[PDB]
Every structure is written in structure tokens, then in C-alpha cells.
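Student: This is the structure I want to talk about, given as C-alpha cells.
Derivation of every value follows stated rules applied to the coordinates shown; laboratory data play no part. Here the Cβ positions follow ideal geometry from the backbone for every residue, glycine too, while neighbour counts run over all protein chains shown.
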Amino acid sequence: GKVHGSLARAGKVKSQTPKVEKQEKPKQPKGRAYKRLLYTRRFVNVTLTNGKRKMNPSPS
Amino acid sequence: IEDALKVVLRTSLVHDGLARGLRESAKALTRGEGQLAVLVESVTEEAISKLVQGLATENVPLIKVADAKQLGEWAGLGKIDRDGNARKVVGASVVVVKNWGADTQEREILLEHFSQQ
Amino acid sequence: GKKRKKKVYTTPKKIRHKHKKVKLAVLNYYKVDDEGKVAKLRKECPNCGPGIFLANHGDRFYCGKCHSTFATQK
Amino acid sequence: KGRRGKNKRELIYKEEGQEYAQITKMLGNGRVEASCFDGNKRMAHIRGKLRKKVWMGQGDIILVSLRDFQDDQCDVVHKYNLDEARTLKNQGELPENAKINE
RNA sequence: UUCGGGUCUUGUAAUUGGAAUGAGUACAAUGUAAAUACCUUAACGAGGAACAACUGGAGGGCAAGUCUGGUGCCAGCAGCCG
Ligand SMILES: [Mg+2]
Ligand SMILES: [Mg+2]
Ligand SMILES: [Mg+2]
Ligand SMILES: [Mg+2]
Ligand SMILES: [Mg+2]
Ligand SMILES: [Mg+2]
Ligand SMILES: [Zn+2]
């Protein structure tokens, strides 16, 4: 109707959200190895050349 | 053996005259339409085969090939789709040629042997 | 510019008139005379042609190849 | 000024923590006070989506949702415009000690 | 003549190997008043090297999403603008 239930349930969206499980996500190399990964990501494997970096773009 | 039964089935399929199943076979053989009639030995209770034998004598010639499963498998029942036999199960258990289609090689020879000796 | 009420029905149900899966109607149709002649059963259609069996209901034998043509008393 | 605006419904029944109430007087700052049909005078706040979109006045049966932690206050949700109020009186979900007609 | 040798390099792969080693154990010894611990060192101690890095944040300020789904001026977020 006007409202599905009692408004101000004090935690409504948390109570009702579809709780999606976490993923597996193989281990990221953390430390200087993270600098490995990231430096290779940006400055030697140059990915987007036109205009700006646009790094982490929306897939569409 | 039986390499022309496939061929004549395909030729009649070209002209769409296969009395598939049994009811079409009966209605056609009571008429002067069915040319070749195949009933298989692998029929349960043998009443249908017995009736086919009684009727076809009366469109007289028949061929008594057994194992209708493979018959309807390659008699033109279903669809090949990919390379071969793309279906769960299929069969006819009785077939009748009403229209010849093609000719050449083995049309009336083994029918003369089987039905007219 | 309008919200529609649900179509509530005061009607129990009407289902598809299912066709009857008849098991071997031809044995019902024919009659074998001991490995030889074979007779047919209950009529043959003159309006449609030989081989088309007719319908048994009562005081009338009925067509169904050309259904409306033949329904006559016998 | 309807060009600036966003531009036959049915009633809605109370559901497990909300009640029909009759406004007794309209208070300032956008608040209001209503008798709930329990023998109680509660303080209702005019909720959003409601403030200056649809109005309300004294002597109007109107739906209000309670807040589970502080019963003494509540927030009004859904209004009833004088004809399904009679229907509300008819269906008997709320006591008929309060008739409102002009 | 389109090629295409990747001919020279860089990256990306739940493909695939053998190297190297400490956190931990622990012979001992040293270390100490006595000792722990460190500094050495036998033997042990890496495969997903589960021997797993969190904490905040991705509108601006301010580096980073106009991706997905959920809620729908409610819940909430937001130091300020919102
Ligand atoms: Mg407009
Ligand atoms: Mg309010
Ligand atoms: Mg670790
Ligand atoms: Mg956050
Ligand atoms: Mg995070
Ligand atoms: Mg930024
Ligand atoms: Zn007829």
C-alpha cells in the first residue's frame, strides 16, 4: 500500500538486502609485489593513450 | 542388404507418401495407394502384424524387415541436425510407400521374390 | 493515468478439451479372418471414399473426414 | 503553478504497527497531533513525500505509523479524503466511537 | 604484392618446473647471577607458497566507478558543499 511495513525499522535496508556471498579471489601479491603489479599496470604496459588514463573504466 | 529400403524411403519422402505409423498404412492399403508395406517382427502381442498380414493380401507386395527401431531411425523420422541422429528415441513400426519417387536398381526385384516368388 | 484492479473471476475454470489418446483403434476397426480375408467394422464412408471408418453413436452413423456431410440413420 | 509540478485509488489497511487516527488540531512547524483509536493522543509528524504535496486538516481520518522505540510520537503516512473514511467506518477495523460528518 | 616471419622486445595466462629463504620448531653453544630473547647453528619448517594484510575511501574538496543488484526523501551516508 502506502508503505510496505512500519517505517523507521532501524536497520531496514540491512535487514532486507539480498546478502550475496563473498568470492574466492586468488591471493593478491601484497607488499613490494603489489608495487610490481601496479607499476607494471600503469607506466610500462601503457593501456589507454587517447586523452587521460580513464583507468578503472566502467565496462560498457 | 536393405540398402534400397533406405533409398526407396528417401524417394517416397521426396514425394511425401510414407504412411507413417499404422493408421495411415491401414487406410491407404484398403485403398489402391500403398505400394510397398513393411511390418516388423518386433511388435508386441503380434495383433497389429497379424492384421497387416491379413489385409495386405487383399498393394499386395510386402517386405518383412524386423527391428523397426533402426527402421524409423533411418526411415526419415526426426532430424539429423548436426552430423547424425539428433533425437532421444524415434520409430515407425509400420511403413508404407504410396508414391514411388525414384527407381533404378532394386524396386520390384526383391518384392517379386518376397511377395510373388 | 489509472491503476487497474486485479481481474477476480467468479468462474471456476474452463480447461482445454483434451483429445483422447486412443490405443490401437485399428483393432477396434478391423477383424481378421484367420490369416486370410479381413473385414472392417461398423461401416465404411461412401461420401469420403473407401477406407475411412465411420462413427458409432446411436441411430446414426457419422462421418468425420468430411464431417458435416454424412450422419445418416442405420 | 501546476506546470512546475510532477503532474480512483483504493484504501490501504493498517499493518502490524500502524493505525488510523483522527487529527484533533494542527500544530506548527509542520507537526500535528491526532487521537489514535486506542484512547490515546499521539503526536504525529508530517512525513516527506507528503509535506506540501497533499494537504490535510482537522477532522480527517488518516493513517499514521508508530516508531517502535518511542510510542509517544509517530509519523503520519497516508491520507483518506472523506469518502473512503466512511468505508473505513463501515469495515469496522477501527472502533466507530468517532463519526466525522459535516 | 594483404601477407608475414614476432624476425627484437614487453606484457597477459586456475598453464608448468627447478631454484632461494626466513617466520616457526629445535640439536647445541653463546648469551645471563641464574636464566629468557637476540647474535650463530645442526636437523626439521612453502605451492593456492590457507605461512592468506589490513584500515579507510572511489560526486567535489581529493586519487580512484556515471559497473551490477537492493532500498526508494525510508533506511542511512555525509568533517563542508550535499
Ligand atoms: Mg507538463
Ligand atoms: Mg515527517
Ligand atoms: Mg601470511
Ligand atoms: Mg562508505
Ligand atoms: Mg575496501
Ligand atoms: Mg578523483
Ligand atoms: Zn463421409
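Student: Name the pairs whose Cβ atoms lie under 7 Å apart, with the first residue in the range B:73-89 and within 19 Å of B:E2 (Cβ to Cβ), the second surrounded by fewer than 10 Cβ atoms within 10 Å (Cβ to Cβ), and 6 or more positions between them or separate chains?
Tutor: If the second residue must be surrounded by fewer than 10 Cβ atoms within 10 Å (Cβ to Cβ), no pairs are left.
Student: On to the next question. Could you look through the range D:34-52, keep only residues that are within 10 Å of RNA strand E (Cβ to nearest atom) and out of contact with any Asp or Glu (no Cβ under 6 Å at 6 or more places or on another chain), and pick out the one that is farthest from the other protein chains (Cβ to nearest Cβ)?
Tutor: D:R51
Student: State yes or no: is B:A66 part of a loop (DSSP other than H, G, I, E, B), within 21 Å of C:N28 (Cα to Cα), more than 14 Å from every other protein chain (Cβ to nearest Cβ) and not charged (D, E, K, R)?
Tutor: no
Student: Consider B:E106 carefully, then state whether it is surrounded by 11 or more Cβ atoms within 10 Å (Cβ to Cβ) and within 16 Å of B:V7 (Cβ to Cβ).
Tutor: In short, yes.
Student: If only one of D:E19, D:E10 is away from RNA strand E (no atom under 16 Å from the Cβ), closer than 30 Å to C:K6 by Cα, more than 12 Å from the chain's Cα centre (by Cα) and within 14 Å of chain A (Cβ to nearest Cβ), which one is it?
Tutor: Just one listed residue meets the conditions, D:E10.
Student: Also, I was wondering about something else. Which one is nearest to ligand 1 (Cβ to nearest atom), of the residues in the range D:37-55 that are part of a strand (DSSP E or B), over 30 Å from C:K5 (Cα atoms) and not polar (S, T, N, Q)? Outline the logic, then answer.
Tutor: In the first step, residues of the range D:37-55 are kept if they are part of a strand (DSSP E or B); the result is D:40-46.
Then keep just the ones that are over 30 Å from C:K5 (Cα atoms); that gives D:40-45.
From what is left, the residues that are not polar (S, T, N, Q) are D:41-45.
Numbers: D:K41: 42, D:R42: 39, D:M43: 37, D:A44: 32, D:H45: 31 Å.
Per the criteria, the residue is D:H45.
Student: Which members of the range C:33-67 meet the condition of being more than 9 Å from ligand 7 (Cβ to nearest atom), away from every other protein chain (no Cβ under 14 Å) and under 16 Å from the mean Cα position of the chain (by Cα)?
Tutor: If the condition is that a residue be more than 9 Å from ligand 7 (Cβ to nearest atom), away from every other protein chain (no Cβ under 14 Å) and under 16 Å from the mean Cα position of the chain (by Cα), then C:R42, C:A55, C:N56, C:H57, C:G58, C:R60, C:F61 are the ones that fit.
Student: So which residues in the range B:23-55 are β-branched (V, I, T) and more than 15 Å from the chain's Cα centre (by Cα), if there are any at all?
Tutor: If we filter the range B:23-55 for residues that are β-branched (V, I, T), which is where we start, we get B:30, B:38, B:40, B:43-44, B:48, B:52.
Selection gives B:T30, B:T44.
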